[PDB]
Amino acid sequence: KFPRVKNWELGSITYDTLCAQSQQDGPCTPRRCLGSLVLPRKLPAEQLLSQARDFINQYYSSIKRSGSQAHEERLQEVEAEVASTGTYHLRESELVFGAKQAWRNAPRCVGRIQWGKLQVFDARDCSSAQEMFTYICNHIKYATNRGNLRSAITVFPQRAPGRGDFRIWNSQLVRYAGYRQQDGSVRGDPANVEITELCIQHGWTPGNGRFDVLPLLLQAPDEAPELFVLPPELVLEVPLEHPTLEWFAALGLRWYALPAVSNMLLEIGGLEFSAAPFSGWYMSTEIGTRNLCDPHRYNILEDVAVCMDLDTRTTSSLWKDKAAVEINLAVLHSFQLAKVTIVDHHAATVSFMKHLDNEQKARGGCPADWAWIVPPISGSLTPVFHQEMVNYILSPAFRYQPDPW
Amino acid sequence: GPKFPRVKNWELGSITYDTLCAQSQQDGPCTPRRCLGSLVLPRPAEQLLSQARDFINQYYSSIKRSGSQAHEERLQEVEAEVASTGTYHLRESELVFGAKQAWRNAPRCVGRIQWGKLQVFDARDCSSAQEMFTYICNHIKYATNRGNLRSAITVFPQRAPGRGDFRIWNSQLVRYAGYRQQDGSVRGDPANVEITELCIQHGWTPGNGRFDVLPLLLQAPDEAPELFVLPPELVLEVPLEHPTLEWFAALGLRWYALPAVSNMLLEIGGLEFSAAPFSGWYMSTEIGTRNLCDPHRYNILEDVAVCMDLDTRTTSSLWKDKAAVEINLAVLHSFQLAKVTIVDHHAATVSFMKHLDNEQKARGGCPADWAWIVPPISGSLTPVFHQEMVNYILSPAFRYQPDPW
Ligand code: HEM
Ligand code: HEM
Ligand SMILES: Cc1ccnc(CCCCCO[C@H]2CNC[C@H]2Cc2cc(C)cc(N)n2)c1
Ligand SMILES: Cc1ccnc(CCCCCO[C@H]2CNC[C@H]2Cc2cc(C)cc(N)n2)c1
Ligand SMILES: C[C@H](O)[C@H](O)[C@H]1CNc2nc(N)[nH]c(=O)c2N1
Ligand SMILES: C[C@H](O)[C@H](O)[C@H]1CNc2nc(N)[nH]c(=O)c2N1
Ligand SMILES: [Zn+2]
C-alpha cells in the first residue's frame, strides 16, 4: 500500500508514508517509468483556497500552534482575501517557512541536510528591474561572504492575474558566455550560447574569452528586460590548479564560487514566485565532472589526458576515468586553497544518508530522485547508490517554468 | 507532439518518441503519485491462452507470415492443446525466438546489441538432476570456449500443473563461497553466505579460502536437490594483476570468466521455464567496481588505497575514486592478457547507444532501466548518462522468482 524502501549495503528497510501527502502527479504510470526524464512533458478559487489552507495548516503545525486562535484567524484572513480578490499574500514568517520547506522537499538536491539554514530576503516590495538588480547584488554579497558561503534565497513579487511576471532571464546569477563561431564550434560555455546572444542583442558588448561573466537580464512586468553588469568584485572566482601536476594551472581553467539558480519558480500555498533565486555551495563533481568534462560543456577530458600523456587510443586504458579524477581533485584542491566552501561527493552523499534518516523520523519519508542524487563519477562508491528512493512532488516546491522569450 | 513519451538525448540534442511501450501487457511499480524506478525488486486457462496467442502472433510477425495459413493453424493448434491439457508446448524455433526476444526485452541489460547472437541449447528433454549437470557442463564448455566467450542459454522443462519445478539453487553457475566467521566477519563473497550454508547442509565439505568455487545444488521435480562439484578445468578464472603497479598481483585477487545467471525465470507465451540459465561476458565494472569494491562484497578499496599510499583519512583526497580506477584497470588488463573476452564500460555503453538507435528503427523504442544501464563508476563520462530512457515490461521476459528453499 505504501512503498517498502531498502538499503542494499546495510540490509535495512523503511516504509515511505510521506508520499501519501502528494497531490501533484509525476510523469510515471504503471505501464511505463519516466523517472529518468529531465523535464515534464507539461511545459481557480476553490483550488487556490485548498492549497492555501493546507499550507497555513503546515505553518501553524511547524510552530506547534496548530488549532490555536491565531491559526483560526489566519485561515479567516486567507479566505476573506481570496473570496474578494481571487488571491492573497503571505506573512514574512510564512514565506520564510515556505522557502525552507520547498528546499526540504526538492527531490533532486543532495544538499538537503542544510535545509533548516537558509537566509530569506523578502524582495516583494520590488517594482523595477533596477530594484531587482540591487536586491540581487545584496544576495550575492551576503551569500558569498568572502568564500564562507551561506545559503540564501531572495523572493521577488509573486505572479498576479493581470500582468507579466518578474523574471530573471539568466538560468544562474553567474554564467560564462558561450560565443558561437563561424565554423559552428563554441568559445566558452556551450550551455549559455542562447543567453549570451540575448545579452548581445539587448546591447551588451561581448568579450572574446572562455570565461567572460555574463550580464544579467532582468525583467519587471510587461517591460523589456534590462541589462546589468555585475561588478567584477562581487563575483568570486577560483583559478584551478592541481596539487601535484604543475602544468594544470597552465590550462587557465577557473570556476565561480557561487551556484545561484535563478530560473525556477517557487510555489508556496498556491502562490507563485516566478523570480526567487537561491544559492548554496557547489559539490565538486558539478564543476569537476559535469561543467568541465561533459562533451557538450567545456569538454576538457582529452586535453587533460594528453597533458597527462595518457594512452588516448583505446577506451580500455581508462584514460577518461583517470583524467576526470584528476580534474575533480584539482577543483577540490583549488577551492580549499582559495578558502571557498565546497563539498566533495563522498562527504555530500554521507550527509544525505544522515538527512534520509532524519526525515524518516520527522516526516516518515523523503522524496528523492535517485538519478540526480547519485553523483556523476564513482556512483557505487557512494552510499546513496545502494539506497532505494521514492520520488514524488510535495508542496511547497521549486518548479521549472518556461523561458520568458 | 505525438501521444507517446518523448525521449531526449541531452548530449546530442536529438529527440525520439517511444511507441513500443504500447505493447506492454504488464504493470511496473510506478504510479502518477510516486516513482519507484530505483527499487531492485518488484513484488490459468483464459489468461494463458491470450498470452500464448500474443507470443504466436509475435513469432509469425518475426518471420513475416503474419495472417498466413501456418499462422492461423498454429493458433488453432495452441488453443486445442490448451483446451484439452491446460498447457501447450513450443516448437523448437519458437523457443529460440522467444529466448532471444526475452534478452532483447531485458531493461537492465547493457549488452543487448548482441541479442541476435545467442546459442539456444534446448534441454526440455531433461529428466533428472544428474542430466541437468551434464547439460550445464556442456553449456559452460561451449560458452567459455577457452576464453573466446559465446553467449548461450540452456532451457530445461517448463513448469507443469501441480508437478514440481526444475530449479538451479545457485544464483549463478560460478559463485565463490562466503564463510561466516566466529567474529561475525565473512571470508570470501558475502553475497553467497546463504547458498554456501545450504551447500554445507546438503553434504558439501567446505574449504577456507577467499575464492572457493561453490558446488551446484540442482533440483529435478519433487526431488530434494542434489549436489554437484564443477570439475575445476571447466571453471576458467583470471588471476588479477595491474599493468604498472607490480604489487597488485601479490594481492591474490581473481575472478571467473563466465557470468551465468541461473536463478531467473524465462517466460514465453505464458509458459514458464524456471530453470533456464544464460551467460554472456562481463562488463569490467561488474568485477572491478561492484564485486571487488562494494562495502558488502569483497570491500578491497581501503587495502588497495593503502598499497597505493593514498590519504584514506579524508574523503577529499579522492582516494576511493583513484583506487577504484586502478582496480578496474587491473581487471581489464588481466582479462586481456589472459585472452578472456571482457568489455569496458565505455565500449559497452557506446554499443548500447547503437542498440538504442537500431531498436528505434526496428520497433519504435527500447525498454531500459537508466539506474542499471549507467555504469557504477564514471557515469556521466559515458553517453548513456545523457540519454533519457523509458522502462516497461515486455514479454517474452526474464523475471525474478522466489528461492526454492
Ligand atoms: C547548501 C549547499 C547545497 C548543496 C551542496 C547542494 C547540492 C545540490 C546538487 C549537487 C544539485 C544537483 C545540481 C546539478 O546536477 O546541476 C542540487 C540541485 C538542487 N538544489 Fe541543492 N544544494 C545546496 C543548497 C540548495 C539550496 C539553498 C536550495 C534552495 C533553497 C537548493 C535547491 C535545489 C534544487 C531545487 C535543485 C534542483 C535544480 C534543478 O532541477 O535545476 N539546494 N543541489
Ligand atoms: C553478451 C555479453 C553481455 C554483457 C556484456 C551484458 C551486460 C550486462 C550487465 C553489465 C548487466 C548488469 C549486471 C549487474 O549490474 O550485476 C546485465 C544484466 C542482465 N542481462 Fe546482460 N549482458 C550480456 C549478455 C546477456 C545475455 C546472453 C543475456 C540473456 C540471454 C542477458 C540478459 C540479462 C538480464 C536478464 C540482466 C538483468 C539481470 C538481473 O536483474 O539479475 N545479458 N547485463
Ligand atoms: C543551490 C545549488 C547548489 C548546487 N548547485 C546548484 C546549481 C544547479 C544547476 C542545475 C541546472 O540544471 C539544468 C542543466 N542540467 C540539467 C538542467 C535541469 C534544469 C532545467 C530547467 C528548465 C531549469 C533548471 N533550473 N534546471 C545550485
Ligand atoms: C549474462 C550476464 C552478463 C553480464 N553479467 C551478468 C551477471 C548479472 C548478475 C546480476 C545479479 O543481480 C543481483 C545482485 N545484484 C542485484 C541483484 C538483482 C537480482 C535479484 C534477484 C532475486 C535475482 C537476480 N537474478 N538478480 C550476466
Ligand atoms: C538523462 C538523465 O536523466 C540526465 O542526464 C540526468 C542524469 N542525472 C543527473 N543528475 C544530476 N545531479 N544532474 C543532472 O543534470 C543529471 N542529468
Ligand atoms: C538501489 C539501486 O536501485 C541499486 O543499488 C542498483 C542501482 N543500479 C544498479 N545497476 C546495475 N547495473 N546493477 C545493480 O546491481 C544496480 N544496483
Ligand atoms: Zn518511475
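In what follows, every heavy atom counts, from backbone to side chain, and hydrogens, waters and symmetry copies are set aside. Letters A, B, ... mirror the listed sequences (proteins, then strands); counts begin at 1.
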Under 4.5 Å from any heavy atom of chain B - which part of [X]:
| X | value |
| --- | --- |
| A:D344 | side chain |
| A:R4 | backbone |
| A:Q23 | neither |
| A:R31 | both |
| A:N328 | both |
| A:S317 | backbone |

Open item on the list: Please report whether the ring centroid of A:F385 lies less than 6.0 Å from that of A:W370.
Closed with: yes
Largest heavy-atom contact set with chain A, pairs under 4.5 Å, which of [options]:
| options | answer |
| --- | --- |
| B:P190, B:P107, B:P243, B:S24 | B:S24 |
| B:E11, B:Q387, B:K320 | B:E11 |
| B:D294, B:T314, B:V350 | B:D294 |

Interchain contact, [X] with chain A, by part (heavy-atom threshold 4.5 Å):
| X | result |
| --- | --- |
| B:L332 | side chain |
| B:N391 | both |
| B:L301 | side chain |
| B:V40 | both |
| B:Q26 | backbone |
| B:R290 | side chain |

TODO: Please state whether the rings of B:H242 and B:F248 are parallel, tilted or perpendicular, taking 30° and 60° as the class boundaries.
DONE: tilted
Task: Within-4.5 Å side-chain heavy-atom neighbours: A:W281 and A:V343 - done: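 With C-beta onward as the side chain, the pair touches.
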Open item on the list: Determine whether B:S14 and B:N9 satisfy the following criterion, side chain to side chain donor-acceptor pair (under 3.5 Å), listing intermediate values before the conclusion.
Closed with: CA-CA 5 Å; B:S14 64; B:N9 180 294; 4.9 Å; no
Open item on the list: Would you compute the distance between atom SG of A:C293 and atom OH of A:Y298 and round it to the nearest 0.5 angstrom?
Closed with: 13.0 Å
TODO: Would you please test A:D321 and B:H345 for side chain to side chain contact (heavy atoms under 4.5 Å, CB included) and show each step?
DONE: CA-CA 10 Å; A:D321 316 70; B:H345 50 295; 2.8 Å; yes
Task: Derivation of the side chain to side chain donor-acceptor pair (under 3.5 Å) call for A:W8 and A:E388 - done: CA-CA 8 Å; A:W8 285 87; A:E388 293 176 346; 2.9 Å; yes
Let's test your reading of the structure: which of [options] forms the most heavy-atom pairs below 4.5 Å with chain B?
| options | value |
| --- | --- |
| A:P3, A:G379, A:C33, A:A324 | A:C33 |
| A:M389, A:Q336, A:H333 | A:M389 |
| A:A368, A:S378, A:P367 | A:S378 |
| A:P375, A:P295, A:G35, A:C19 | A:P295 |
| A:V374, A:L318, A:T382 | A:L318 |

Task: Side-chain donor-acceptor contact under 3.5 Å, B:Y392 with B:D18 - done: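 A pair is found: one side chain offers a donor N or O, the other an acceptor, under 3.5 Å apart.
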Side-chain donor/acceptor of [X] to backbone N/O of [Y], under 3.5 Å:
| X | Y | answer |
| --- | --- | --- |
| A:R112 | A:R104 | yes |
| A:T289 | A:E286 | no |
| A:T349 | A:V384 | no |
| B:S351 | B:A348 | yes |

